[PDB]
Amino acid sequence: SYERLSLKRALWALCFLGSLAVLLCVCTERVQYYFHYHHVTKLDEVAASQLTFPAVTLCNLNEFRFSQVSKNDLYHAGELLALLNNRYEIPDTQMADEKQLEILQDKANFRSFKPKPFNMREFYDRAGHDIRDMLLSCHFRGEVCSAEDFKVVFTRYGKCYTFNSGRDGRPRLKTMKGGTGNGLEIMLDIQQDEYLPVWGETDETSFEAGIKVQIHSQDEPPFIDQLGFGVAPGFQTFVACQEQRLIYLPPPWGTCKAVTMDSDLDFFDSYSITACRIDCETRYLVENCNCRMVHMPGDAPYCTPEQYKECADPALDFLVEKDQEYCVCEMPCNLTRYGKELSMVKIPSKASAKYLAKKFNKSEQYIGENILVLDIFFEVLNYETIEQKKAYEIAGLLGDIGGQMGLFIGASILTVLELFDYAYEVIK
Amino acid sequence: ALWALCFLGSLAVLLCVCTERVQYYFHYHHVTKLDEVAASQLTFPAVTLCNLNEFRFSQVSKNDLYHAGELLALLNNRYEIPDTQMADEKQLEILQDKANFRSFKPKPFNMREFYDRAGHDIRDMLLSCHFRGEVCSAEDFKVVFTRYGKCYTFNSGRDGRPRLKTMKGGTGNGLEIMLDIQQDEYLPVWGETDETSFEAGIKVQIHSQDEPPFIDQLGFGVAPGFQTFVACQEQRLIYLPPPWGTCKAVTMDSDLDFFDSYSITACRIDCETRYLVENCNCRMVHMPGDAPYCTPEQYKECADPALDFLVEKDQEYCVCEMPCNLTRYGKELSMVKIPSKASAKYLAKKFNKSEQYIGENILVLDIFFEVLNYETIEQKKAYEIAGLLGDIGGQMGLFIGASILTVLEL
Amino acid sequence: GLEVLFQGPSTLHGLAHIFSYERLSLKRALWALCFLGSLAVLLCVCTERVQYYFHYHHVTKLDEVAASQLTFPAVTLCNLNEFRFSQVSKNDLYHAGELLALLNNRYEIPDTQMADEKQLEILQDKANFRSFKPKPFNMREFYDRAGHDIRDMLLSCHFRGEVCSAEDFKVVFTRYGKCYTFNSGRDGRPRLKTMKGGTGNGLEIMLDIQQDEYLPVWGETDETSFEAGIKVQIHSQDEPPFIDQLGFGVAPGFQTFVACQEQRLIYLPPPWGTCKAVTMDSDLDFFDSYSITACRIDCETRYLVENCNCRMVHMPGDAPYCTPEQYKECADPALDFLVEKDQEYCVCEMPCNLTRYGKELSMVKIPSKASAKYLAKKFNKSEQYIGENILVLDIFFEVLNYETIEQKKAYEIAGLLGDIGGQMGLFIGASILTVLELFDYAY
Ligand SMILES: *[C@@H]1O[C@H](CO)[C@@H](O)[C@H](O)[C@H]1NC(C)=O
Ligand SMILES: *[C@@H]1O[C@H](CO)[C@@H](O)[C@H](O)[C@H]1NC(C)=O
Ligand SMILES: *[C@@H]1O[C@H](CO)[C@@H](O)[C@H](O)[C@H]1NC(C)=O
């Protein structure tokens with residue numbers, strides 16, 4: 001009855017409770033929502049008049065030219081190239097090209113042979129196809145290039161070449177037009193006849209003739225085993241690109257790493273998912289095998305054919321399957337990638353067939369089995385942008401709670417005085 | 001007193017803004033969230049593949065040619081070989097003897113059996129198979145009848161067996177098969193008919209296991225004499241039901257007579273099947289159900305006309321809405337020459353075929369993930385009910401807050 | 001109940017007394033403190049919401065809407081060889097010899113002996129100018145006469161299984177010369193529609209690229225390429241073909257499947273974006289309808305006329321066709337200038353409404369052994385010729401489904417006012433009591 005006696009104090013009392021109820025709910029909802037850290041994406045295109053041409057890494061599918069494999073190399077690495085068994089003579093199986101095998105007989109004869117020093121990197125450098133031999137003609141945006149414009153990079157395919165690498169303090173090339181002309185355009189000889197011969201199915205061996213190619217930002221090392229595409233001989237292969245600029249959101253909204261002036265990677269200048277994974281592979285091999293593979297950076301010693309077989313390969317195989325967690329290599333926030341439409345036509349035309357052959361002193365046959373043209377260019381001089389945009393920033397959370405907090409405080413202040421007014425009366 | 005002027009003015013404003021936010025709610029606006037999320041495993045997809053040649057020439061018996069001669073377009077409706085200006089005299093000669101019905105008593109015939117017997121055999125075609133470096137064989141392929149005939153789905157997820165997973169991406173770490181398309185068993189063509197094409201190779205569909213193959217429409221071509229790399233990206237799509245969108249609410253029951261799991265493909269096959277049974281009292285070899293297989297006559301005289309009627313001229317019979325939850329695959333095709341000169345002589349010896357044969361018949365198919373990374377594409381509601389109610393909380397904050405202020409006067 | 005006696009200790013009643021003398025100033029001081037605090041909040045959030053409005057934020061809405069019909073696109077296709085060797089007359093060789101690079105600027109066949117003795121012998125005869133009186137010459141006429149004839153190239157044509165002929169292909173001059181757009185939508189004729197997608201149910205053509213009519217090549221020049229095949233652009237009918245830049249290559253000896261997806265884009269004008277608001281007024285000298293392609297051709301044309309008092313064969317306008325001389329000495333250099341050294345001259349922004357096409361290229365061999373013998377006899381050619389010259393092109397829709405890609409306004413005016421309204425209306429409700437004490441005291 002002291003409560004009942006309220007005489008419409010009690011309605012005031014409950015209505016303030018009703019309002020404090022409402023305020024808690026709305027403020028909960030808007031704060032629960034803030035914390036899902038919702039985002040949505042903004043697609044756009046914006047025309048440029050210049051575009052920075054990408055890096056173009058390209059590898060022959062054949063790792064080692066047959067000719068350049070010395071008796072010494074065969075002695076150290078014979079088992080690794082699977083040209084020899086574990087007993088360093090020529091495997092039993094008889095499927096082999098008797099003329100080509102004859103040359104391996106001679107090389108693999110070790111009677112009274114004194115071993116010389118051997119180094120995997122040197123072997124790859126010497127034996128790997130030479131851009132100078134492969135590259136029959138080169139034109140960037142109609143201008144002549146030669147082998148001088150190709151920087152050597154060791155990959156898991158061996159001696160490869162990045163064009164417009166942006167390395168060695170030379171400037172990154174730019175296209176001012178789209179279309180078939182205004183790009184890189186190269187004629188390669190894949191030198192099919194220097195291919196390591198295959199007479200037995202092995203874990204190692206393949207039937208491919210051609211090249212793999214990666215188009216990539218200069219701020220990114222080539223990871224061509226995984227990300228590259230195939231170009232076959234006997235076709236001009238057009239590769240129309242679209243530049244794509246991605247902006248992703250860090251945690252808590254997303255997962256990206258903020259690229260800055262400090263790379264945060266032992267062995268590289270710029271953070272990229274590729275750079276990160278190579279850094280990781282390299283660190284881990286050094287740590288667990290006290291050596292690195294030819295294509296890894298650092299001062300460490302190159303693995304010997306035995307450490308390749310008995311330490312490195314097993315360890316890397318472990319790293320991926322049974323030690324996944326060891327290396328989180330998350331995406332950067334700022335990033336540039338390239339769309340690609342492959343299309344092709346036959347090379348050479350009948351009209352041009354007889355000429356090419358004469359000009360390089362090769363059979364017409366050879367041109368059809370060995371010669372390709374690669375036409376990398378921009379379809380359009382414009383880049384697509386793909387931004388993740390925060391759906392609800394703090395400015396908004398406060399905006400929405402803010403006005404309600406300001407008038408609930410105002411009302412609760414009024415209730416403090418009616419509780420002192422009630423107290424005063426009771427007190428007396 | 002004066003608060004009449006203010007409180008009405010304010011309640012005016014608040015009722016307006018409250019209707020704006022309700023009109024907005026009812027436009028049921030959405031926008032999309034693209035994301036990439038790195039996984040360490042990925043479920044490898046289903047890979048259905050068909051020879052472009054439906055029936056091996058060898059396996060086509062005199063009896064088959066008698067019943068289905070007009071269907072294979074090897075014969076006209078008079079059981080005669082159409083007058084050819086000039087065919088391959090060698091190939092023609094073998095049709096002469098097959099199509100000779102002197103003394104011939106017709107034996108029993110069944111389209112399904114014909115397809116099963118005559119269709120290319122995976123066991124003949126599949127020279128070499130490797131998943132993730134491991135050996136596979138014909139046991140890892142499941143037969144599916146499609147509108148191209150006897151085809152094979154790899155990693156089907158059917159027959160109990162578990163769905164395979166890639167733990168790394170690249171050229172190696174997926175399916176890698178060497179096929180012989182058996183060019184020499186191709187039905188011969190001496191004249192132009194509706195059926196006549198000039199294609200040699202295979203069609204391939206990469207698809208979710210939760211989805212039957214629709215390879216006539218969705219498959220892509222792979223040529224012989226090339227290793228064709230097919231770098232995929234897994235894409236997980238989430239679409240919004242009505243009123244925001246038109247996707248079909250994903251539930252436990254298929255809502256299709258003949259299929260376990262709802263797919264745009266499953267739905268269209270179900271539809272085609274129901275309609276043909278209803279209108280033609282039979283089904284085609286590749287359709288499910290207990291119905292009787294159509295005879296070559298019903299194929300020609302009932303089924304083909306009915307299907308062709310259904311699509312253009314009877315659109316409305318078949319509403320096959322998209323699932324909300326689903327999985328698709330991006331593809332980059334690229335290719336290199338097969339075999340290399342170095343490897344040419346070996347392949348030939350190893351399969352007892354000419355080097356010639358290898359160049360016209362042998363292909364390699366390399367399906368894999370470019371990166372172990374799935375892209376997500378969600379339609380996300382722009383204004384949920386939780387929010388509209390949140391904002392009319394604005395109205396209750398004045399309503400309660402105004403009445404409390406009125407209690408001070410009285 | 002001692003608490004009732006003396007009515008609470010003196011200490012307390014005295015407190016209660018201070019309260020009551022002070023109350024009227026607490027009430028005022030608190031409302032001053034609170035009303036200011038609230039008006040502070042209101043001014044801030046109302047600023048924030050207006051700053052945000054003016055960044056004119058947008059975000060994008062992807063959807064896939066099914067349909068039962070789709071308008072089939074335009075398909076422009078060009079032979080990669082610009083001029084058939086046969087149709088090159090003595091007169092043409094005289095005027096344009098240098099342009100086709102069959103002659104140097106000295107009216108001789110470059111000293112080179114690298115060439116086919118048989119094919120060279122026919123150039124000797126043509127390029128003999130002894131006693132020769134030149135006739136009149138016109139680049140457009142030369143292209144029209146010498147360009148490959150669709151009627152010769154097109155061995156078989158089927159739209160959705162129905163037969164088509166050369167009559168169904170409209171001629172367009174491009175920078176590759178005499179080319180052909182199928183389902184152009186020009187000349188009144190209606191735009192074709194597929195009612196179902198898949199390998200059959202679209203355009204399916206067999207071409208002979210006529211390899212043996214290719215201009216012969218013995219010496220490296222800018223024009224010299226070794227390509228044999230065709231380039232193809234799939235494009236909306238509302239858009240001229242820009243096939244040098246946007247086309248893709250199709251090789252002979254393969255059936256090339258080209259599975260398309262229709263894509264409808266809606267982009268936002270300024271201030272949100274940069275697109276050109278659709279008007280039926282083209283605002284383009286030479287075209288009916290705005291496209292980025294139409295705009296760039298218009299520009300190229302205006303600029304060349306302006307700088308070179310002539311146009312190239314493929315450009316519109318009434319201007320005179322450039323002579324082989326003006327092509328070499330004026331036009332090519334000027335266009336090259338326009339792009340590199342005069343970038344800013346030519347502002348060709350994207351339209352807001354438009355339609356694009358996704359493409360998956362895939363291929364199989366042609367012809368099958370079974371069909372090899374037939375094709376050869378049916379066209380009176382070696383089996384050799386079929387493998388080097390014959391291609392099939394299969395353009396179709398993968399599914400009857402268009403994808404929509406809309407930029408949508410993130411914060412429209414309805415919202416800005418709604419929110420500034422809600423805050424202004426919420427502050428009024430709270431500060432009601434302070435309004436009266438501001439008028440009471442004022443009184
Ligand atoms: C980094 O991203 C921001 C995004 O606003 C941009 O201003 C800048 O040019 C980018 N720079 C890079 C990739 O280093
Ligand atoms: C789709 O199905 C999967 C099966 O595990 C489920 O986890 C998922 O929540 C569904 N996707 C969405 C976002 O509804
Ligand atoms: C063009 O105008 C508007 C939107 O910009 C819309 O109705 C539709 O997307 C377009 N309509 C056409 C091309 O008929």
# chains A, B, ... in the order shown; residues from 1 in each chain; ligands from 1
>>> select_by_dssp(residues="stretch 72-190 of chain C", states="strand (DSSP E)", output="list in words")
residues 74, 75, 76, 77, 78, 79, 154, 155, 156, 157, 158, 159, 162, 163, 169, 170, 171, 172, 173, 174, 177, 178, 179, 180, 181 and 182 of chain C
>>> write_last_selection(atoms="C-alpha atoms", output="short mmCIF file (atom, residue, chain, number, x, y, z; two decimals), in the first residue's frame")
data_model
loop_
_atom_site.label_atom_id
_atom_site.label_comp_id
_atom_site.auth_asym_id
_atom_site.auth_seq_id
_atom_site.Cartn_x
_atom_site.Cartn_y
_atom_site.Cartn_z
CA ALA C 74 26.35 -9.78 -82.95
CA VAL C 75 29.27 -11.94 -84.18
CA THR C 76 31.84 -10.06 -86.30
CA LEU C 77 34.54 -12.29 -87.88
CA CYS C 78 37.58 -11.40 -90.10
CA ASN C 79 40.08 -13.57 -92.03
CA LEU C 154 31.38 -19.96 -95.43
CA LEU C 155 31.10 -23.76 -96.22
CA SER C 156 28.13 -24.36 -93.83
CA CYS C 157 26.05 -22.13 -91.53
CA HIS C 158 23.26 -23.05 -89.01
CA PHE C 159 21.47 -20.80 -86.47
CA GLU C 162 18.13 -23.75 -89.24
CA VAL C 163 20.24 -23.11 -92.40
CA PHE C 169 26.10 -11.82 -92.94
CA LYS C 170 26.38 -7.99 -93.25
CA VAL C 171 29.73 -6.55 -94.51
CA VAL C 172 31.64 -4.21 -92.11
CA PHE C 173 35.04 -2.61 -92.91
CA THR C 174 37.34 -2.91 -89.88
CA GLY C 177 39.49 -5.01 -93.99
CA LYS C 178 36.38 -6.75 -95.41
CA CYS C 179 34.72 -8.46 -92.37
CA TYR C 180 31.23 -9.86 -91.67
CA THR C 181 28.84 -9.33 -88.71
CA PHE C 182 26.15 -12.02 -88.21
#
>>> interface_residues(of="chain C", to="chain B", cutoff="7 Å", atoms="only C-alpha atoms", output="CSV table (one decimal) with C-alpha atoms, in the first residue's frame")
chain,number,residue,atom,x,y,z
C,60,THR,CA,27.4,-3.5,-55.8
C,61,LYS,CA,24.5,-6.0,-56.2
C,62,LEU,CA,25.2,-9.2,-58.2
C,195,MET,CA,15.2,-20.1,-76.7
C,197,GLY,CA,21.4,-22.8,-74.9
C,198,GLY,CA,24.0,-25.6,-75.4
C,199,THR,CA,26.5,-26.6,-78.2
C,255,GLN,CA,35.8,-26.9,-83.6
C,362,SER,CA,37.2,-24.9,-75.5
C,363,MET,CA,38.0,-27.0,-78.6
C,364,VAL,CA,38.1,-30.5,-80.2
C,365,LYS,CA,39.9,-31.8,-83.4
C,366,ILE,CA,38.5,-31.4,-87.0
C,367,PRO,CA,37.9,-33.5,-89.0
C,368,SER,CA,37.5,-36.9,-87.3
C,369,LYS,CA,39.1,-39.8,-89.4
C,370,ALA,CA,35.6,-41.1,-90.1
C,371,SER,CA,34.6,-37.6,-91.6
C,373,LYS,CA,37.5,-38.5,-96.5
C,374,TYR,CA,34.0,-37.0,-96.9
C,398,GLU,CA,25.8,-22.0,-71.6
C,418,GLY,CA,15.1,10.4,-42.5
C,421,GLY,CA,14.8,14.0,-39.1
C,422,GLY,CA,14.7,11.3,-36.4
C,425,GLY,CA,12.6,14.9,-33.6
C,426,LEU,CA,14.2,13.0,-30.7
C,428,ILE,CA,12.8,18.0,-29.4
C,429,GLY,CA,11.0,15.3,-27.3
C,432,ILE,CA,10.6,19.9,-24.0
>>> residues_around(residues="residue A:45", least_positions_apart="6", cutoff="7 Å", atoms="only C-alpha atoms", output="list in words")
residues 382, 383, 384 and 385 of chain A
>>> write_last_selection(atoms="N, CA, C and O atoms", output="mmCIF file, in the first residue's frame")
data_model
loop_
_atom_site.group_PDB
_atom_site.id
_atom_site.type_symbol
_atom_site.label_atom_id
_atom_site.label_comp_id
_atom_site.auth_asym_id
_atom_site.auth_seq_id
_atom_site.Cartn_x
_atom_site.Cartn_y
_atom_site.Cartn_z
ATOM 1 N N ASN A 382 42.058 -0.061 -68.987
ATOM 2 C CA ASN A 382 41.265 0.296 -67.798
ATOM 3 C C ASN A 382 41.387 -0.848 -66.803
ATOM 4 O O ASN A 382 41.593 -2.028 -67.173
ATOM 5 N N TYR A 383 41.317 -0.488 -65.553
ATOM 6 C CA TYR A 383 41.487 -1.454 -64.457
ATOM 7 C C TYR A 383 40.153 -1.513 -63.726
ATOM 8 O O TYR A 383 39.434 -0.496 -63.638
ATOM 9 N N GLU A 384 39.825 -2.725 -63.293
ATOM 10 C CA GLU A 384 38.674 -3.090 -62.441
ATOM 11 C C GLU A 384 39.173 -2.983 -60.997
ATOM 12 O O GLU A 384 40.327 -3.384 -60.746
ATOM 13 N N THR A 385 38.382 -2.389 -60.103
ATOM 14 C CA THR A 385 38.682 -2.302 -58.649
ATOM 15 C C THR A 385 37.650 -3.134 -57.887
ATOM 16 O O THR A 385 36.468 -3.115 -58.277
#
>>> residues_around(residues="stretch 98-106 of chain B", least_positions_apart="5", cutoff="7 Å", atoms="only C-alpha atoms", output="NGL selection string")
:B and (61-63 or 65)
>>> write_last_selection(atoms="C-alpha atoms", output="compact mmCIF listing (two decimals), in the first residue's frame")
# COMPACT_ATOMS: atom_id res chain seq x y z
CA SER B 61 25.45 -55.61 -84.70
CA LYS B 62 23.27 -56.37 -87.79
CA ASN B 63 20.32 -56.58 -85.30
CA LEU B 65 21.40 -51.58 -87.30
>>> closest_atom_pairs(of="chain A", to="ligand 1", cutoff="9 Å", atoms="only C-alpha atoms and all ligand atoms", output="tab-separated table")
residue	atom	partner	partner_atom_place_in_ligand_line	distance
A:219	CA	ligand 1	13 (C)	9.0
A:245	CA	ligand 1	13 (C)	8.3
A:246	CA	ligand 1	2 (O)	8.6
A:247	CA	ligand 1	4 (C)	6.5
A:259	CA	ligand 1	14 (O)	7.5
A:260	CA	ligand 1	14 (O)	8.0
A:333	CA	ligand 1	2 (O)	7.7
A:334	CA	ligand 1	13 (C)	4.9
A:335	CA	ligand 1	13 (C)	5.9
A:336	CA	ligand 1	13 (C)	7.4
A:387	CA	ligand 1	4 (C)	9.0
>>> residues_near_ligand(ligand="ligand 3", cutoff="9 Å", atoms="only C-alpha atoms and all ligand atoms", output="PyMOL selection string")
chain C and resi 264-268+277-278+352-355+406
>>> interface_residues(of="chain A", to="chain B", cutoff="8 Å", atoms="only C-alpha atoms", output="VMD selection string")
chain A and resid 12 15 to 16 18 to 19 22 to 23 25 to 26 29 to 30 39 to 41 95 to 97 192 to 193 195 to 200 207 to 211 225 to 227 229 to 233 320 to 321 324 342 388 404 408 411
>>> write_last_selection(atoms="N, CA and C atoms", output="compact mmCIF listing (two decimals), in the first residue's frame")
# COMPACT_ATOMS: atom_id res chain seq x y z
N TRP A 12 4.69 6.01 -13.36
CA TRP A 12 5.98 6.71 -13.65
C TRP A 12 7.14 5.70 -13.50
N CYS A 15 7.01 2.94 -16.20
CA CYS A 15 7.23 3.49 -17.58
C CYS A 15 8.72 3.76 -17.84
N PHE A 16 9.41 4.41 -16.91
CA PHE A 16 10.90 4.50 -16.83
C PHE A 16 11.56 3.11 -16.96
N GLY A 18 10.05 0.33 -18.34
CA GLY A 18 9.69 0.05 -19.75
C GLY A 18 10.64 0.70 -20.73
N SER A 19 10.99 1.97 -20.53
CA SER A 19 11.92 2.74 -21.40
C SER A 19 13.36 2.20 -21.26
N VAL A 22 13.52 -0.96 -23.23
CA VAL A 22 13.64 -0.59 -24.67
C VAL A 22 15.09 -0.19 -24.97
N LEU A 23 15.67 0.75 -24.22
CA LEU A 23 17.03 1.28 -24.48
C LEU A 23 18.04 0.14 -24.47
N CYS A 25 17.58 -3.09 -25.09
CA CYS A 25 17.32 -3.90 -26.32
C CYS A 25 17.94 -3.23 -27.54
N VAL A 26 17.48 -2.04 -27.92
CA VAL A 26 17.98 -1.34 -29.15
C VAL A 26 19.51 -1.32 -29.09
N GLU A 29 21.08 -4.77 -29.76
CA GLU A 29 20.94 -5.09 -31.20
C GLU A 29 22.04 -4.34 -31.97
N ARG A 30 22.12 -3.02 -31.82
CA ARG A 30 23.06 -2.19 -32.63
C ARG A 30 24.50 -2.55 -32.28
N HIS A 39 30.93 -6.57 -43.63
CA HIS A 39 31.41 -5.83 -44.83
C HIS A 39 30.64 -6.33 -46.06
N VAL A 40 30.70 -5.55 -47.12
CA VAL A 40 30.07 -5.78 -48.45
C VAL A 40 31.06 -5.24 -49.49
N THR A 41 30.98 -5.62 -50.77
CA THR A 41 32.03 -5.25 -51.76
C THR A 41 31.53 -4.24 -52.80
N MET A 95 62.66 -49.56 -73.93
CA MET A 95 61.71 -48.77 -74.76
C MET A 95 62.45 -47.62 -75.46
N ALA A 96 63.74 -47.41 -75.15
CA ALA A 96 64.47 -46.13 -75.37
C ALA A 96 64.88 -45.97 -76.83
N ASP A 97 65.12 -44.71 -77.21
CA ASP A 97 65.61 -44.32 -78.56
C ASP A 97 67.07 -44.78 -78.68
N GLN A 192 62.78 -28.89 -78.81
CA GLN A 192 62.20 -30.22 -78.47
C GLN A 192 63.29 -31.30 -78.43
N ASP A 193 64.33 -31.14 -79.24
CA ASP A 193 65.35 -32.19 -79.51
C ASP A 193 66.40 -32.21 -78.39
N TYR A 195 65.29 -32.23 -75.26
CA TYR A 195 64.46 -32.77 -74.15
C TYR A 195 65.11 -34.07 -73.67
N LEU A 196 65.30 -34.19 -72.35
CA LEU A 196 65.68 -35.47 -71.69
C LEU A 196 64.77 -36.55 -72.26
N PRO A 197 65.35 -37.68 -72.71
CA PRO A 197 64.58 -38.75 -73.33
C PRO A 197 63.85 -39.54 -72.25
N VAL A 198 62.71 -40.16 -72.58
CA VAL A 198 61.97 -41.04 -71.63
C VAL A 198 61.76 -42.43 -72.25
N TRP A 199 62.25 -43.45 -71.54
CA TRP A 199 62.26 -44.88 -71.93
C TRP A 199 61.55 -45.72 -70.85
N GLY A 200 61.34 -45.16 -69.67
CA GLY A 200 60.56 -45.83 -68.60
C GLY A 200 59.64 -44.84 -67.94
N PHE A 207 55.07 -36.08 -70.60
CA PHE A 207 55.04 -36.20 -72.08
C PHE A 207 54.87 -34.84 -72.75
N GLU A 208 54.92 -33.78 -71.94
CA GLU A 208 54.55 -32.40 -72.34
C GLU A 208 55.66 -31.83 -73.22
N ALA A 209 55.29 -31.08 -74.25
CA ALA A 209 56.19 -30.20 -75.02
C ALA A 209 55.56 -28.81 -75.05
N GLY A 210 56.32 -27.81 -74.61
CA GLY A 210 55.88 -26.40 -74.61
C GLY A 210 56.55 -25.61 -73.52
N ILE A 211 55.82 -24.64 -72.96
CA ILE A 211 56.29 -23.74 -71.88
C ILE A 211 55.14 -23.55 -70.89
N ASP A 225 54.98 -23.20 -60.89
CA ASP A 225 54.52 -24.61 -60.83
C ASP A 225 53.01 -24.63 -60.61
N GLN A 226 52.50 -23.76 -59.72
CA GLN A 226 51.10 -23.76 -59.25
C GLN A 226 50.23 -22.82 -60.09
N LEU A 227 50.72 -21.63 -60.43
CA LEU A 227 49.84 -20.52 -60.89
C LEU A 227 49.93 -20.26 -62.41
N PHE A 229 50.22 -21.03 -66.62
CA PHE A 229 49.39 -21.72 -67.63
C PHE A 229 50.28 -22.24 -68.76
N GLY A 230 49.79 -23.21 -69.52
CA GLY A 230 50.55 -23.83 -70.62
C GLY A 230 50.35 -23.11 -71.94
N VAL A 231 51.43 -22.95 -72.69
CA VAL A 231 51.38 -22.50 -74.11
C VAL A 231 52.01 -23.58 -74.98
N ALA A 232 51.26 -24.09 -75.97
CA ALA A 232 51.70 -25.15 -76.90
C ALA A 232 52.45 -24.56 -78.08
N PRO A 233 53.40 -25.32 -78.67
CA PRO A 233 54.04 -24.93 -79.93
C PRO A 233 53.08 -25.10 -81.10
N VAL A 320 53.72 -29.59 -45.74
CA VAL A 320 52.41 -29.31 -46.39
C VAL A 320 51.35 -30.20 -45.73
N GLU A 321 51.58 -31.52 -45.63
CA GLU A 321 50.52 -32.48 -45.18
C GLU A 321 50.43 -32.43 -43.65
N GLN A 324 50.76 -28.42 -41.45
CA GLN A 324 50.05 -27.36 -42.22
C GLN A 324 50.19 -26.02 -41.48
N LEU A 342 42.64 -16.63 -72.91
CA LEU A 342 43.49 -17.34 -73.89
C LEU A 342 42.67 -17.62 -75.14
N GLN A 388 36.50 -4.42 -50.49
CA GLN A 388 35.61 -4.71 -49.35
C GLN A 388 35.42 -3.40 -48.59
N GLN A 404 19.79 8.35 -28.13
CA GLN A 404 18.96 7.63 -27.13
C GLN A 404 19.62 7.76 -25.75
N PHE A 408 17.70 9.28 -22.44
CA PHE A 408 17.51 8.35 -21.31
C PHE A 408 18.23 8.89 -20.08
N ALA A 411 16.02 11.68 -18.74
CA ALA A 411 14.80 11.16 -18.06
C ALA A 411 15.17 10.59 -16.69
>>> select_by_dssp(residues="stretch 100-248 of chain B", states="alpha helix (DSSP H)", output="list in words")
residues 111, 112, 113, 114, 115, 116, 117, 118, 122, 123, 124, 125, 215, 216, 217 and 218 of chain B
>>> closest_residue(among="A:47, A:145, A:13, A:319", to="chain C", atoms="only C-alpha atoms")
A:47
>>> closest_residue(among="A:168, A:266, A:98, A:44", to="chain C", atoms="only C-alpha atoms")
A:44
>>> closest_residue(among="A:87, A:4, A:156, A:390", to="chain C", atoms="only C-alpha atoms")
A:390
>>> residues_around(residues="residue A:104", least_positions_apart="3", cutoff="9 Å", atoms="only C-alpha atoms", output="VMD selection string")
chain A and resid 71 83 90 100 to 101 107 to 109
>>> residues_around(residues="residue A:365", least_positions_apart="2", cutoff="12 Å", atoms="only C-alpha atoms", output="list in words")
residues 192, 233, 234, 347, 348, 353, 354, 356, 357, 361, 362, 363, 367, 368, 369, 370 and 371 of chain A; 341 of chain B
>>> closest_atom_pairs(of="chain C", to="chain A", cutoff="6 Å", atoms="only C-alpha atoms", output="tab-separated table")
residue	atom	partner	partner_atom	distance
C:16	CA	A:424	CA	5.6
C:34	CA	A:410	CA	6.0
C:38	CA	A:406	CA	5.3
C:45	CA	A:399	CA	5.3
C:59	CA	A:42	CA	4.3
C:60	CA	A:42	CA	5.3
C:114	CA	A:355	CA	5.8
C:216	CA	A:351	CA	4.6
C:217	CA	A:352	CA	5.3
C:218	CA	A:355	CA	5.7
C:226	CA	A:348	CA	4.9
C:227	CA	A:347	CA	5.3
C:228	CA	A:349	CA	4.9
C:229	CA	A:345	CA	5.4
C:245	CA	A:179	CA	3.7
C:246	CA	A:379	CA	5.9
C:248	CA	A:343	CA	5.8
C:249	CA	A:344	CA	5.0
C:250	CA	A:345	CA	5.5
C:251	CA	A:345	CA	3.9
C:430	CA	A:407	CA	5.5
>>> atom_distance(atom1="atom CA of residue C:262", atom2="atom CA of residue C:402")
4.9 Å
>>> residues_near_ligand(ligand="ligand 2", cutoff="8 Å", atoms="only C-alpha atoms and all ligand atoms", output="ChimeraX atom specification")
/B:238,324-326
>>> residues_around(residues="residue A:84", least_positions_apart="5", cutoff="10 Å", atoms="only C-alpha atoms", output="NGL selection string")
:A and (74-75 or 77-79 or 89-92 or 104 or 108)
>>> decode(residues="stretch 123-134 of chain C", atoms="C-alpha atoms", output="tab-separated table (two decimals), in the first residue's frame")
chain	number	residue	atom	x	y	z
C	123	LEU	CA	54.61	-11.11	-108.58
C	124	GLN	CA	57.36	-10.62	-111.27
C	125	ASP	CA	54.56	-10.55	-113.96
C	126	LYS	CA	52.20	-8.29	-111.88
C	127	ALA	CA	55.02	-5.88	-110.73
C	128	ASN	CA	56.32	-5.39	-114.35
C	129	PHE	CA	55.35	-1.71	-115.01
C	130	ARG	CA	57.09	-1.40	-118.44
C	131	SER	CA	54.63	0.45	-120.79
C	132	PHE	CA	52.00	0.45	-117.94
C	133	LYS	CA	49.57	3.43	-117.70
C	134	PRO	CA	48.18	3.65	-114.11
